[PDB]
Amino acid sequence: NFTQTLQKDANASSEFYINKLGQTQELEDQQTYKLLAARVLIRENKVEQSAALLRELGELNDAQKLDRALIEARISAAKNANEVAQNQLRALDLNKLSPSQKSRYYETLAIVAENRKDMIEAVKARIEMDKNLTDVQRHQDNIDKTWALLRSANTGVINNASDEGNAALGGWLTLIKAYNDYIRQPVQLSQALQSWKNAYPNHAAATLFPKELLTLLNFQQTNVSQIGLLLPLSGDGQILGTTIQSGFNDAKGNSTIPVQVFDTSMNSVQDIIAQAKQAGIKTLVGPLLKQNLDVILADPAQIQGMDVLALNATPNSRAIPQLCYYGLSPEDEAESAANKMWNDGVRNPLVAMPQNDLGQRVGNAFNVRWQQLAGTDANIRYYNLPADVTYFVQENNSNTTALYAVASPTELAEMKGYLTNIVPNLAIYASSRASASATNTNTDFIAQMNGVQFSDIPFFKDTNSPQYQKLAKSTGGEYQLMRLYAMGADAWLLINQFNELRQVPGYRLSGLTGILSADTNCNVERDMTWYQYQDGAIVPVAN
């Protein structure tokens, strides 16, 4: 009896099941394949295709009518028909479903709760779901889902929440309360989590701990004994390594930590790591040059047992144990733009990138962050000449439209000039590449850039400070160099909070280059400060 395949999980693709329709000549099995395909189309976020395929279902037998209802209730939950979904589930004899069918029952039930912003209930549904799951990966996904729901719940409600006689809910409430009570004390949280596992040894999360909490269970406080500083301090890039070094030492202050400096322009990164290793050094800052960083990435076993805060990030950057990437990368300024534009209400962002490798990498960075906030791709378009943007804008000027463009100051001046008569009220966003002292001394540039807002480091907020004037004068007024000094200062901040940054999720630091945080690849993200050209001045707006 092939109809029983609806009681087991459907692990194949929708394309697989549809393609079995032609190969099946028994009408009863075709309806089964349509049901199997229709319920995976939802997992593939094709609800309207799933519903359309259910309307094609003709004569069904009671076993098929049952699985049809589960999908009908899952579709309603996806269409935010919460009242309908509930009344459709309750109409099913819950004792007639299989464990796989019960997991879909409660998953729909959890989706309804989440739609209504009822986190506690959503957790209670996934507790029932978990009891009916068998695949380890399905367990893990449910565990992490449950932890996401608990983490998004109101902290005040959690502290005042009863287990309701449900042991599994108890174990969860204890876990999330410990996290909320001790995340700012990561050493104490670790001690709580280890104790949680011994308080609820038979709890589901005790066997499969949430992935966010795996790095915290065995957390360790950062304790830097000595540093190796890898920078280009001679030849090409000397000004870059010297300026970065200047910030690092000023942030260093009266620290007793010995810092052994290595000049990467006088030695190979291969031998530096060797010297550092024999030297007992277990903590490196740098290198800076992308080519030097790729040496480590060409054989990550070189930094075995070391904590490395690279001062750059390359396309080959990835997740390596005890490696973090802190660069002034235009990819981060593009991600901060996706956050800024989203908060400002933009929903049709137009991204103009240069037609080069950098433009594709920065444009992808924006798209990724926009997919998270909006669940859709951004309209990226590369340009040969700044004029090409004028055609790009006038053809996609939907509602709540805004432009993002990475380009030199002189190039942006052209873009906003050609876009004046085309979209006079256009909202324009740019990166730090738009702001330079060699161009902020103008009246035409600042007048033909009025209204434009751009990201840059927070250090430029206070231009009347002693440090700014002392640094601004010594650097010759070159913005790019000041950004390197700041970077060197923040590298000291980062290296001493390396473990927190690497193992504490959401950990944020207030540095001179922005709000520093790490993603899953310990790629140091920067929440940029946003300034806006208002007539003749530069006014901070956000962060």
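Residue numbers run from 1 along the displayed sequence.
When the C-alpha B-factors of 109-117 and 415-423 are averaged, 415-423 comes out higher. Per the PDB record, of the two stretches 214-222 and 290-298, 214-222 carries the greater mean B-factor over its C-alpha atoms. Between the residues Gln140, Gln188, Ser268, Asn384, the entry's highest C-alpha temperature factor is the one at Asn384.
Per the deposited record, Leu358 carries the highest C-alpha B-factor of all listed residues (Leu358, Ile227, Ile183, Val123). Among the modelled residues of its chain, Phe248 has a C-alpha B-factor that falls in the lowest third according to the deposited record. For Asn11, the recorded CA temperature factor ranks within the middle third of the chain's modelled residues. Among all modelled residues in its chain, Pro505 ranks in the highest third by Cα B-factor. Sort the chain's modelled residues by C-alpha temperature factor and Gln23 lands in the highest third, per the entry.
Sort the chain's modelled residues by C-alpha temperature factor and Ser474 lands in the highest third, per the entry.
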